[PDB]
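Asker: Next comes run.cif, mmCIF, C-alpha atoms and all ligand atoms:
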data_start
loop_
_atom_site.label_atom_id
_atom_site.label_comp_id
_atom_site.auth_asym_id
_atom_site.auth_seq_id
_atom_site.Cartn_x
_atom_site.Cartn_y
_atom_site.Cartn_z
CA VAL A 31 5.51 -28.53 20.34
CA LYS A 32 6.49 -26.69 17.15
CA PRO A 33 4.40 -25.56 14.18
CA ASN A 34 5.23 -26.62 10.64
CA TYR A 35 4.37 -23.54 8.58
CA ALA A 36 5.02 -24.09 4.88
CA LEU A 37 4.70 -21.68 1.96
CA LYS A 38 1.46 -22.18 0.05
CA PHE A 39 0.94 -19.00 -2.03
CA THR A 40 2.82 -15.89 -3.10
CA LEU A 41 0.65 -12.87 -3.93
CA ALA A 42 2.07 -10.37 -6.41
CA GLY A 43 0.58 -7.08 -7.49
CA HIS A 44 1.73 -4.21 -5.30
CA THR A 45 4.37 -2.06 -6.98
CA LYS A 46 6.04 -0.59 -3.86
CA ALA A 47 6.67 -1.89 -0.35
CA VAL A 48 3.78 -3.59 1.33
CA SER A 49 3.08 -1.90 4.67
CA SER A 50 0.38 -3.99 6.38
CA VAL A 51 -1.57 -7.21 5.95
CA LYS A 52 -4.72 -8.09 7.92
CA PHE A 53 -7.15 -11.00 7.80
CA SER A 54 -10.85 -10.22 7.89
CA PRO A 55 -12.57 -11.34 11.13
CA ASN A 56 -14.81 -13.71 9.13
CA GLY A 57 -11.63 -15.35 7.79
CA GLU A 58 -12.52 -14.96 4.15
CA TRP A 59 -10.16 -12.18 3.10
CA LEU A 60 -6.68 -10.77 3.44
CA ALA A 61 -6.33 -6.99 3.00
CA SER A 62 -2.97 -5.47 2.14
CA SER A 63 -1.84 -1.85 2.06
CA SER A 64 1.16 -0.41 0.29
CA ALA A 65 3.35 2.60 -0.32
CA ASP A 66 1.90 2.31 -3.85
CA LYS A 67 -1.27 4.10 -2.48
CA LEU A 68 -3.41 0.99 -2.93
CA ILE A 69 -5.33 -1.51 -0.86
CA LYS A 70 -5.65 -4.99 -2.34
CA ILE A 71 -8.10 -7.68 -1.27
CA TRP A 72 -7.20 -11.37 -1.61
CA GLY A 73 -8.82 -14.67 -0.77
CA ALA A 74 -7.46 -15.83 2.58
CA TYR A 75 -7.26 -19.53 1.70
CA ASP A 76 -6.14 -19.58 -1.96
CA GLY A 77 -4.49 -16.18 -2.37
CA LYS A 78 -6.93 -15.27 -5.16
CA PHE A 79 -6.75 -11.60 -6.10
CA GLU A 80 -10.16 -10.02 -5.55
CA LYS A 81 -9.85 -6.29 -6.08
CA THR A 82 -7.86 -3.08 -5.78
CA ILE A 83 -9.24 -0.24 -3.65
CA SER A 84 -7.85 3.17 -4.61
CA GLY A 85 -8.27 6.83 -3.69
CA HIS A 86 -5.49 7.85 -1.32
CA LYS A 87 -3.12 10.44 -2.79
CA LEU A 88 0.03 9.09 -1.09
CA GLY A 89 1.20 5.78 0.35
CA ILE A 90 -0.68 3.84 2.99
CA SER A 91 0.91 2.61 6.20
CA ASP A 92 -1.95 0.59 7.75
CA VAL A 93 -5.38 -0.93 7.15
CA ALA A 94 -7.86 -2.44 9.57
CA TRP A 95 -11.15 -4.35 9.34
CA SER A 96 -14.45 -3.66 11.04
CA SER A 97 -15.84 -6.38 13.31
CA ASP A 98 -18.44 -7.47 10.75
CA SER A 99 -15.79 -7.70 7.95
CA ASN A 100 -17.72 -5.20 5.84
CA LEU A 101 -15.54 -2.11 6.26
CA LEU A 102 -11.89 -1.21 6.11
CA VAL A 103 -10.10 1.85 7.45
CA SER A 104 -6.79 3.01 5.98
CA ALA A 105 -4.09 5.38 7.28
CA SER A 106 -2.14 7.39 4.70
CA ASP A 107 0.79 9.75 4.20
CA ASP A 108 -1.79 12.12 2.66
CA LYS A 109 -2.71 12.92 6.31
CA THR A 110 -6.13 11.27 6.07
CA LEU A 111 -7.79 8.05 6.97
CA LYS A 112 -10.42 6.61 4.66
CA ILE A 113 -13.37 4.35 5.49
CA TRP A 114 -14.17 1.91 2.69
CA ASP A 115 -17.06 -0.37 1.84
CA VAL A 116 -15.21 -3.57 0.99
CA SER A 117 -17.96 -5.03 -1.23
CA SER A 118 -18.16 -1.95 -3.48
CA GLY A 119 -14.65 -0.58 -3.03
CA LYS A 120 -16.17 2.86 -2.41
CA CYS A 121 -14.71 5.42 -0.05
CA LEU A 122 -17.47 6.17 2.45
CA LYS A 123 -15.69 8.81 4.53
CA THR A 124 -12.42 10.73 4.58
CA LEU A 125 -11.17 11.45 8.10
CA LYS A 126 -9.38 14.79 8.16
CA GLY A 127 -7.56 16.40 11.05
CA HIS A 128 -4.05 14.99 11.42
CA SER A 129 -1.35 17.46 10.40
CA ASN A 130 1.14 14.85 9.16
CA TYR A 131 1.32 11.22 7.99
CA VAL A 132 -1.18 8.85 9.59
CA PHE A 133 0.77 5.69 10.52
CA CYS A 134 -1.66 3.37 12.32
CA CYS A 135 -5.35 2.69 12.76
CA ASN A 136 -7.95 0.30 14.23
CA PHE A 137 -11.68 -0.07 14.82
CA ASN A 138 -13.06 -0.71 18.28
CA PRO A 139 -14.98 -4.00 18.81
CA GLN A 140 -18.25 -2.10 18.43
CA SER A 141 -16.82 -0.66 15.18
CA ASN A 142 -18.49 2.70 15.89
CA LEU A 143 -15.07 4.30 16.56
CA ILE A 144 -11.72 4.40 14.81
CA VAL A 145 -8.45 5.19 16.59
CA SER A 146 -5.49 6.60 14.68
CA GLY A 147 -1.90 7.56 15.39
CA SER A 148 0.22 9.99 13.42
CA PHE A 149 3.68 11.42 12.80
CA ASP A 150 2.04 14.55 14.26
CA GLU A 151 2.44 12.88 17.72
CA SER A 152 -1.32 12.74 18.41
CA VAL A 153 -3.86 9.97 18.75
CA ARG A 154 -7.30 10.74 17.33
CA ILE A 155 -10.65 9.04 18.03
CA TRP A 156 -13.17 9.26 15.18
CA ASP A 157 -16.87 8.57 14.75
CA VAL A 158 -17.34 5.98 12.01
CA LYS A 159 -20.87 7.05 11.04
CA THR A 160 -20.14 10.76 10.64
CA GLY A 161 -16.41 10.63 9.87
CA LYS A 162 -15.85 13.41 12.41
CA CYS A 163 -13.01 13.59 14.91
CA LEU A 164 -14.36 13.18 18.45
CA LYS A 165 -11.14 13.59 20.43
CA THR A 166 -7.50 14.54 19.87
CA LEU A 167 -5.14 13.16 22.51
CA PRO A 168 -1.72 14.89 22.88
CA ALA A 169 -0.44 11.41 23.38
CA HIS A 170 3.31 11.42 22.61
CA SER A 171 6.31 13.60 21.81
CA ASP A 172 7.38 11.71 18.68
CA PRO A 173 5.51 9.82 15.94
CA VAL A 174 2.87 7.35 17.14
CA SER A 175 3.78 3.85 15.91
CA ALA A 176 0.69 1.82 16.94
CA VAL A 177 -2.83 2.19 18.40
CA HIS A 178 -5.18 -0.62 19.49
CA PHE A 179 -8.44 -1.05 21.41
CA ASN A 180 -8.83 -3.69 24.07
CA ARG A 181 -11.46 -6.39 23.93
CA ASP A 182 -14.40 -4.37 25.34
CA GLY A 183 -13.37 -1.10 23.69
CA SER A 184 -12.92 0.76 26.98
CA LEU A 185 -9.13 1.17 26.59
CA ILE A 186 -6.70 2.25 23.90
CA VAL A 187 -3.00 1.41 23.96
CA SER A 188 -0.57 3.61 22.03
CA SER A 189 3.16 3.43 21.40
CA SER A 190 5.67 5.91 20.11
CA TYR A 191 9.26 6.54 19.04
CA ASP A 192 9.39 8.68 22.18
CA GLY A 193 9.94 5.41 24.10
CA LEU A 194 6.53 5.32 25.83
CA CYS A 195 3.59 2.98 25.84
CA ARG A 196 0.43 4.61 27.19
CA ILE A 197 -3.01 3.30 28.07
CA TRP A 198 -5.94 5.67 27.50
CA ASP A 199 -9.52 5.68 28.69
CA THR A 200 -11.60 5.69 25.50
CA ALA A 201 -14.58 7.54 26.92
CA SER A 202 -12.69 10.48 28.41
CA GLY A 203 -9.45 10.42 26.42
CA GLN A 204 -7.46 10.62 29.66
CA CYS A 205 -4.31 8.66 30.39
CA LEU A 206 -4.78 5.68 32.71
CA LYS A 207 -1.16 4.53 32.75
CA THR A 208 2.30 5.06 31.23
CA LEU A 209 5.04 2.41 30.75
CA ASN A 214 13.50 4.11 26.61
CA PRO A 215 14.31 2.68 23.17
CA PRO A 216 11.65 3.63 20.60
CA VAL A 217 8.50 1.54 20.93
CA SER A 218 7.64 0.47 17.38
CA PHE A 219 4.49 -1.59 17.95
CA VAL A 220 1.97 -2.46 20.65
CA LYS A 221 -1.31 -4.33 21.00
CA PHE A 222 -3.53 -5.90 23.62
CA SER A 223 -3.48 -9.65 24.09
CA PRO A 224 -6.55 -11.72 23.13
CA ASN A 225 -7.64 -11.99 26.76
CA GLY A 226 -7.21 -8.25 27.33
CA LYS A 227 -4.84 -8.63 30.29
CA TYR A 228 -1.49 -8.20 28.54
CA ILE A 229 0.15 -5.86 26.09
CA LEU A 230 2.71 -7.04 23.52
CA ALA A 231 5.29 -4.35 22.74
CA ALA A 232 8.13 -4.20 20.21
CA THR A 233 11.13 -1.94 20.78
CA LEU A 234 13.82 -0.99 18.24
CA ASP A 235 16.45 -2.97 20.13
CA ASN A 236 15.51 -6.35 18.62
CA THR A 237 13.12 -7.13 21.49
CA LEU A 238 9.48 -8.08 21.98
CA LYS A 239 8.00 -8.03 25.49
CA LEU A 240 4.71 -9.20 27.02
CA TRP A 241 3.57 -6.86 29.82
CA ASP A 242 0.94 -7.34 32.49
CA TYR A 243 -0.51 -3.89 32.15
CA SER A 244 -2.51 -3.97 35.41
CA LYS A 245 0.65 -4.76 37.42
CA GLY A 246 2.96 -2.90 35.03
CA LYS A 247 5.36 -5.86 34.95
CA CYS A 248 7.17 -7.55 32.07
CA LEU A 249 6.23 -11.23 31.99
CA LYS A 250 7.99 -12.45 28.84
CA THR A 251 10.78 -11.33 26.53
CA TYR A 252 11.28 -12.63 22.97
CA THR A 253 14.50 -12.10 21.04
CA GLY A 254 16.68 -13.48 18.28
CA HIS A 255 15.17 -11.52 15.39
CA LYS A 256 16.36 -8.21 13.94
CA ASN A 257 14.35 -5.02 14.55
CA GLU A 258 16.22 -1.74 14.90
CA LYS A 259 14.65 0.42 12.20
CA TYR A 260 11.15 -0.47 11.03
CA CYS A 261 7.80 -0.60 12.75
CA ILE A 262 7.15 -4.32 12.41
CA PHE A 263 3.83 -5.81 13.53
CA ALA A 264 3.71 -8.64 16.04
CA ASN A 265 0.87 -11.10 16.53
CA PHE A 266 -0.66 -13.63 18.90
CA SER A 267 -1.43 -16.92 17.13
CA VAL A 268 -4.57 -18.31 18.78
CA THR A 269 -5.75 -21.10 16.44
CA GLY A 270 -3.24 -23.84 17.22
CA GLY A 271 -0.23 -23.72 19.52
CA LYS A 272 0.15 -20.50 21.50
CA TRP A 273 2.70 -18.58 19.42
CA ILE A 274 4.07 -15.07 19.04
CA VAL A 275 4.71 -14.14 15.39
CA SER A 276 6.74 -11.27 13.97
CA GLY A 277 8.59 -10.20 10.87
CA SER A 278 12.23 -9.23 11.00
CA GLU A 279 14.84 -7.14 9.22
CA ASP A 280 16.81 -10.28 8.25
CA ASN A 281 13.92 -11.13 5.86
CA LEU A 282 12.52 -13.97 8.04
CA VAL A 283 9.26 -14.57 9.88
CA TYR A 284 9.98 -15.53 13.50
CA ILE A 285 7.66 -17.68 15.59
CA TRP A 286 8.16 -18.08 19.37
CA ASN A 287 6.52 -20.26 22.00
CA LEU A 288 4.42 -17.79 24.09
CA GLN A 289 5.41 -19.34 27.42
CA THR A 290 8.97 -20.65 26.95
CA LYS A 291 10.09 -17.71 24.72
CA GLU A 292 12.00 -20.22 22.52
CA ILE A 293 12.05 -19.70 18.78
CA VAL A 294 10.01 -22.58 17.36
CA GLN A 295 10.20 -21.70 13.65
CA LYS A 296 11.74 -19.25 11.16
CA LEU A 297 10.07 -18.89 7.76
CA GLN A 298 12.43 -18.25 4.84
CA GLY A 299 11.44 -16.95 1.43
CA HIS A 300 11.09 -13.18 1.45
CA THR A 301 13.86 -11.12 -0.15
CA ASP A 302 13.43 -7.95 1.89
CA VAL A 303 12.45 -6.89 5.42
CA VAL A 304 9.28 -8.65 6.57
CA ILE A 305 7.47 -5.56 7.84
CA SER A 306 4.09 -7.13 8.44
CA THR A 307 2.56 -10.43 9.51
CA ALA A 308 -0.98 -11.46 10.39
CA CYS A 309 -2.47 -14.63 11.86
CA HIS A 310 -5.70 -16.06 10.53
CA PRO A 311 -8.66 -16.03 13.00
CA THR A 312 -9.65 -19.72 12.68
CA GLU A 313 -7.01 -21.55 10.56
CA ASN A 314 -3.28 -21.99 11.23
CA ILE A 315 -2.37 -19.54 8.45
CA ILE A 316 0.18 -16.70 8.52
CA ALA A 317 0.32 -13.89 5.99
CA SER A 318 3.65 -12.07 5.64
CA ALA A 319 4.69 -9.11 3.52
CA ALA A 320 7.94 -7.41 2.66
CA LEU A 321 9.52 -4.12 1.64
CA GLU A 322 10.19 -2.85 -1.86
CA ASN A 323 12.91 -5.29 -3.03
CA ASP A 324 10.26 -8.03 -2.65
CA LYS A 325 6.76 -6.42 -2.72
CA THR A 326 5.00 -9.80 -2.35
CA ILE A 327 2.73 -11.27 0.28
CA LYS A 328 3.19 -14.90 1.28
CA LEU A 329 0.62 -17.24 2.80
CA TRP A 330 1.99 -20.02 5.02
CA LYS A 331 -0.01 -22.92 6.52
CA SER A 332 0.66 -25.23 9.48
CA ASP A 333 -0.93 -28.37 10.91
CA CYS A 334 -0.75 -26.94 14.44
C1 LIG B 1 -1.00 -19.15 28.73
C2 LIG B 1 -1.36 -17.70 28.52
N1 LIG B 1 -2.46 -17.26 27.97
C3 LIG B 1 -2.32 -15.91 27.97
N2 LIG B 1 -3.35 -15.12 27.47
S1 LIG B 1 -3.05 -14.27 26.08
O1 LIG B 1 -1.76 -13.71 26.14
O2 LIG B 1 -4.19 -13.40 25.92
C4 LIG B 1 -3.11 -15.45 24.72
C5 LIG B 1 -2.00 -15.60 23.88
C6 LIG B 1 -2.01 -16.50 22.82
BR1 LIG B 1 -0.51 -16.67 21.70
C7 LIG B 1 -3.15 -17.24 22.56
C8 LIG B 1 -4.26 -17.09 23.38
CL1 LIG B 1 -5.65 -18.03 23.00
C9 LIG B 1 -4.25 -16.20 24.45
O3 LIG B 1 -5.35 -16.05 25.27
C10 LIG B 1 -1.16 -15.52 28.53
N3 LIG B 1 -0.52 -16.67 28.88
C11 LIG B 1 0.80 -16.80 29.53
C12 LIG B 1 0.65 -16.49 31.04
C13 LIG B 1 1.67 -15.41 31.36
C14 LIG B 1 1.94 -14.70 30.04
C15 LIG B 1 1.80 -15.79 28.96
#
Would you write out, as structure tokens, the structure that this file holds?

Answerer:
Amino acid sequence: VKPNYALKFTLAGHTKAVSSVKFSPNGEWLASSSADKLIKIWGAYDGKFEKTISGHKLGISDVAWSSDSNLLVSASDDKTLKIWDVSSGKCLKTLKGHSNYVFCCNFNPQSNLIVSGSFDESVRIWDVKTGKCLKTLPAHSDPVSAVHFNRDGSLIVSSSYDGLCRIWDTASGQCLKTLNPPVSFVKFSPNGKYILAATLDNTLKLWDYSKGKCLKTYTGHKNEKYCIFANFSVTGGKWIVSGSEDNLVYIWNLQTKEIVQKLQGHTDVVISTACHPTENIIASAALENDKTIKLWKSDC
């Protein structure tokens, strides 16, 4: 019916806005990125600080885990992405080619490719082993806000401030489909059939991408400025989860679109949220008046 998320830990350490939080696929870790140029690794269940990973020359907008939880990829204002060995903290590769800030990144399920989006309006596809750029897609006419592979890796979805969401064939780089307020976030649904898209008019929408039809709309939060992540919560009740510019985490019922919970505690915009892969745990993180990450746990 409704979850009962409750604050369990607050994680301090970043010295500027947090930009992204992500749980490792094996559930053990939370990774956070920040405008302070750092990645921090934390225990997913107790919030225990594990390590700082450093090397970018400017702030980081996004981080993403490989499928085996051993690698991380980061997107930076220094125009590069970096591939990191999480166990050693070492930079394995620096991915060079974007001509402006890199805003978003993800591995494919195989974790042999990375996709990135940039203020330079392109999407790039990179080889993980060599660190070389394989394709540059002239994807958008304004900064690219999000990029994500689907569940078999054959598709990429991208979104942009130009108002478009596009689906790309990974193998060829060619556009399969296009779907205008700025689109600030997109990702494929767990079952691969839907795309969840945020627009800077305080709206989330669930699209059937095959049919090109909007199936659900979620509102009541505040999102007119920032690229705020949204999530599917797959461990307990079927929820949509998002931060908000009124400093709250919002949780909706996937099917009824009703708000089922709002989490209070942050003291700045909640720019990022993540849902744990096996436990009913949310991580949230806020902009520079707050700079903390919060871990929330529910019984359902
Ligand atoms: C009931 C249902 N399941 C899906 N699949 S899903 O979006 O991928 C998905 C979301 C979540 Br939260 C958790 C899990 Cl486990 C999932 O599989 C869609 N819908 C309804 C049908 C019409 C659109 C909403």

Asker: Counting all atoms listed in the file, which of A:136, A:327, A:104, A:80 gets nearest to residue 117 of chain A?

Answerer: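 Going through A:136, A:327, A:104, A:80 one by one, the smallest distance to residue 117 of chain A is for A:80.
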
Asker: Taking only C-alpha atoms into account, which of A:155, A:125, A:145, A:293 comes nearest residue 31 of chain A?

Answerer: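 For residue 31 of chain A, the nearest of the given residues is A:293.
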
Asker: Give the residues close to ligand LIG 1 (chain B), within 10 Å, counting all atoms listed in the file; write them as a PyMOL selection string.

Answerer: chain A and resi 222-230+240-242+248-250+265-275+286-291

Asker: Find the residues near residue 121 of chain A: any atom within 9 Å, counting only C-alpha atoms, skip ones fewer than 2 places away on the same chain, and give them as a PyMOL selection string.

Answerer: chain A and resi 83-85+112-115+118-119+123-124

Asker: Please identify all polymer residues within 6 Å of residue 61 of chain A, counting only C-alpha atoms, omitting same-chain residues fewer than 3 positions from it, and present them as a PyMOL selection string.

Answerer: chain A and resi 51-52+70-71

Asker: Do you know which residues are at most 9 Å from residue 237 of chain A counting all atoms listed in the file, after dropping those on the same chain fewer than 4 positions away, and could you put them as an NGL selection string?

Answerer: :A and (231-233 or 251-257)

Asker: Mind dumping a table of every segment 157-184 of chain A residue within 9 Å of segment 140-143 of chain A, with the nearest atom pair and its distance in Å to one decimal, using only C-alpha atoms, sorted by chain and rising number, as CSV?

Answerer:
residue,atom,partner,partner_atom,distance
A:157,CA,A:143,CA,5.0
A:158,CA,A:142,CA,5.2
A:159,CA,A:142,CA,6.9
A:182,CA,A:140,CA,8.2
A:183,CA,A:140,CA,7.2

Asker: For a quick check of understanding, using all atoms listed in the file, which of A:170, A:43, A:64, A:76 has the smallest distance to residue 315 of chain A?

Answerer: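 Once distances to residue 315 of chain A are computed over all atoms listed in the file, the minimum belongs to A:76.
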
Asker: Please compute the atom CA of residue 149 of chain A-atom CA of residue 175 of chain A distance, one decimal, in Å.

Answerer: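 Going from atom CA of residue 149 of chain A over to atom CA of residue 175 of chain A covers 8.2 Å.
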
Asker: Env of residue 313 of chain A: 9 Å cut, atoms = all atoms listed in the file, seq-sep filter 2 positions within chain, self excluded. Answer as a PyMOL selection string.

Answerer: chain A and resi 57+269-270+309-311+315-316+331-332

Asker: Which neighbours of residue 107 of chain A fall inside 6 Å, counting all atoms listed in the file, when residues of the same chain fewer than 4 positions from it are skipped, and could you give them as JSON, numbers by chain?

Answerer: {"A": [88, 89, 131, 132]}

Asker: Here is a test: counting all atoms listed in the file, which residue of A:190, A:94, A:144, A:87 is nearest to residue 53 of chain A?

Answerer: A:94

Asker: Could you state the separation of atom CA of residue 127 of chain A and atom CA of residue 176 of chain A in Å, given to one decimal place?

Answerer: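 About the pair atom CA of residue 127 of chain A and atom CA of residue 176 of chain A: they are 17.8 Å apart.
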
Asker: Rounded to one decimal, what separation in Å do you get between atom CA of residue 330 of chain A and atom CA of residue 65 of chain A?

Answerer: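 Between atom CA of residue 330 of chain A and atom CA of residue 65 of chain A the gap works out to 23.3 Å.
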
Asker: When distances are computed from only C-alpha atoms, which of A:326, A:150, A:277, A:258 shows the smallest separation from residue 304 of chain A?

Answerer: A:277

Asker: Give the answer as one residue: which of A:33, A:168, A:73, A:203 has the shortest atom-to-atom distance to residue 59 of chain A, using all atoms listed in the file?

Answerer: A:73

Asker: List every protein, DNA or RNA residue that has at least one atom no more than 10 Å from (4.5, 10.1, 8.9) in the file's coordinates, counting all atoms listed in the file, and write the result as a short mmCIF file (atom, residue, chain, number, x, y, z; two decimals) with C-alpha atoms, in the frame of the given file.

Answerer:
data_model
loop_
_atom_site.label_atom_id
_atom_site.label_comp_id
_atom_site.auth_asym_id
_atom_site.auth_seq_id
_atom_site.Cartn_x
_atom_site.Cartn_y
_atom_site.Cartn_z
CA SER A 91 0.91 2.61 6.20
CA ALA A 105 -4.09 5.38 7.28
CA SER A 106 -2.14 7.39 4.70
CA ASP A 107 0.79 9.75 4.20
CA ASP A 108 -1.79 12.12 2.66
CA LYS A 109 -2.71 12.92 6.31
CA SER A 129 -1.35 17.46 10.40
CA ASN A 130 1.14 14.85 9.16
CA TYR A 131 1.32 11.22 7.99
CA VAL A 132 -1.18 8.85 9.59
CA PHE A 133 0.77 5.69 10.52
CA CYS A 134 -1.66 3.37 12.32
CA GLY A 147 -1.90 7.56 15.39
CA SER A 148 0.22 9.99 13.42
CA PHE A 149 3.68 11.42 12.80
CA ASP A 150 2.04 14.55 14.26
CA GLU A 151 2.44 12.88 17.72
CA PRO A 173 5.51 9.82 15.94
CA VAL A 174 2.87 7.35 17.14
CA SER A 175 3.78 3.85 15.91
#

Asker: Fix up segment 241-257 of chain A with N, CA and C atoms, then write it as a PDB file, in the frame of the given file.

Answerer:
ATOM      1  N   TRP A 241       3.770  -7.605  28.581  1.00  0.00           N
ATOM      2  CA  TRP A 241       3.570  -6.860  29.820  1.00  0.00           C
ATOM      3  C   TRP A 241       2.210  -7.184  30.429  1.00  0.00           C
ATOM      4  N   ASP A 242       2.190  -7.377  31.743  1.00  0.00           N
ATOM      5  CA  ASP A 242       0.940  -7.340  32.490  1.00  0.00           C
ATOM      6  C   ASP A 242       0.633  -5.875  32.716  1.00  0.00           C
ATOM      7  N   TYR A 243      -0.400  -5.343  32.065  1.00  0.00           N
ATOM      8  CA  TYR A 243      -0.510  -3.890  32.150  1.00  0.00           C
ATOM      9  C   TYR A 243      -1.117  -3.459  33.483  1.00  0.00           C
ATOM     10  N   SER A 244      -1.984  -4.283  34.080  1.00  0.00           N
ATOM     11  CA  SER A 244      -2.510  -3.970  35.410  1.00  0.00           C
ATOM     12  C   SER A 244      -1.379  -3.811  36.427  1.00  0.00           C
ATOM     13  N   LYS A 245      -0.492  -4.808  36.513  1.00  0.00           N
ATOM     14  CA  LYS A 245       0.650  -4.760  37.420  1.00  0.00           C
ATOM     15  C   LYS A 245       1.826  -3.969  36.880  1.00  0.00           C
ATOM     16  N   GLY A 246       1.846  -3.659  35.587  1.00  0.00           N
ATOM     17  CA  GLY A 246       2.960  -2.900  35.030  1.00  0.00           C
ATOM     18  C   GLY A 246       4.265  -3.666  35.032  1.00  0.00           C
ATOM     19  N   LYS A 247       4.205  -4.982  34.836  1.00  0.00           N
ATOM     20  CA  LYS A 247       5.360  -5.860  34.950  1.00  0.00           C
ATOM     21  C   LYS A 247       5.572  -6.608  33.639  1.00  0.00           C
ATOM     22  N   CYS A 248       6.832  -6.765  33.253  1.00  0.00           N
ATOM     23  CA  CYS A 248       7.170  -7.550  32.070  1.00  0.00           C
ATOM     24  C   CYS A 248       7.168  -9.030  32.426  1.00  0.00           C
ATOM     25  N   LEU A 249       6.353  -9.806  31.724  1.00  0.00           N
ATOM     26  CA  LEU A 249       6.230 -11.230  31.990  1.00  0.00           C
ATOM     27  C   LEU A 249       7.069 -12.074  31.055  1.00  0.00           C
ATOM     28  N   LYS A 250       7.232 -11.650  29.802  1.00  0.00           N
ATOM     29  CA  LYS A 250       7.990 -12.450  28.840  1.00  0.00           C
ATOM     30  C   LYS A 250       8.769 -11.545  27.918  1.00  0.00           C
ATOM     31  N   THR A 251       9.917 -12.029  27.474  1.00  0.00           N
ATOM     32  CA  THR A 251      10.780 -11.330  26.530  1.00  0.00           C
ATOM     33  C   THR A 251      11.141 -12.295  25.406  1.00  0.00           C
ATOM     34  N   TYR A 252      11.024 -11.832  24.164  1.00  0.00           N
ATOM     35  CA  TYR A 252      11.280 -12.630  22.970  1.00  0.00           C
ATOM     36  C   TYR A 252      12.335 -11.931  22.138  1.00  0.00           C
ATOM     37  N   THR A 253      13.386 -12.668  21.782  1.00  0.00           N
ATOM     38  CA  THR A 253      14.500 -12.100  21.040  1.00  0.00           C
ATOM     39  C   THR A 253      15.011 -13.102  20.023  1.00  0.00           C
ATOM     40  N   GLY A 254      16.030 -12.672  19.279  1.00  0.00           N
ATOM     41  CA  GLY A 254      16.680 -13.480  18.280  1.00  0.00           C
ATOM     42  C   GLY A 254      16.448 -13.005  16.865  1.00  0.00           C
ATOM     43  N   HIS A 255      15.449 -12.141  16.668  1.00  0.00           N
ATOM     44  CA  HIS A 255      15.170 -11.520  15.390  1.00  0.00           C
ATOM     45  C   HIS A 255      15.903 -10.183  15.293  1.00  0.00           C
ATOM     46  N   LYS A 256      15.702  -9.484  14.183  1.00  0.00           N
ATOM     47  CA  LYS A 256      16.360  -8.210  13.940  1.00  0.00           C
ATOM     48  C   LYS A 256      15.295  -7.125  13.756  1.00  0.00           C
ATOM     49  N   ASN A 257      15.320  -6.112  14.624  1.00  0.00           N
ATOM     50  CA  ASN A 257      14.350  -5.020  14.550  1.00  0.00           C
ATOM     51  C   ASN A 257      14.972  -3.799  15.224  1.00  0.00           C
TER      52      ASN A 257
END
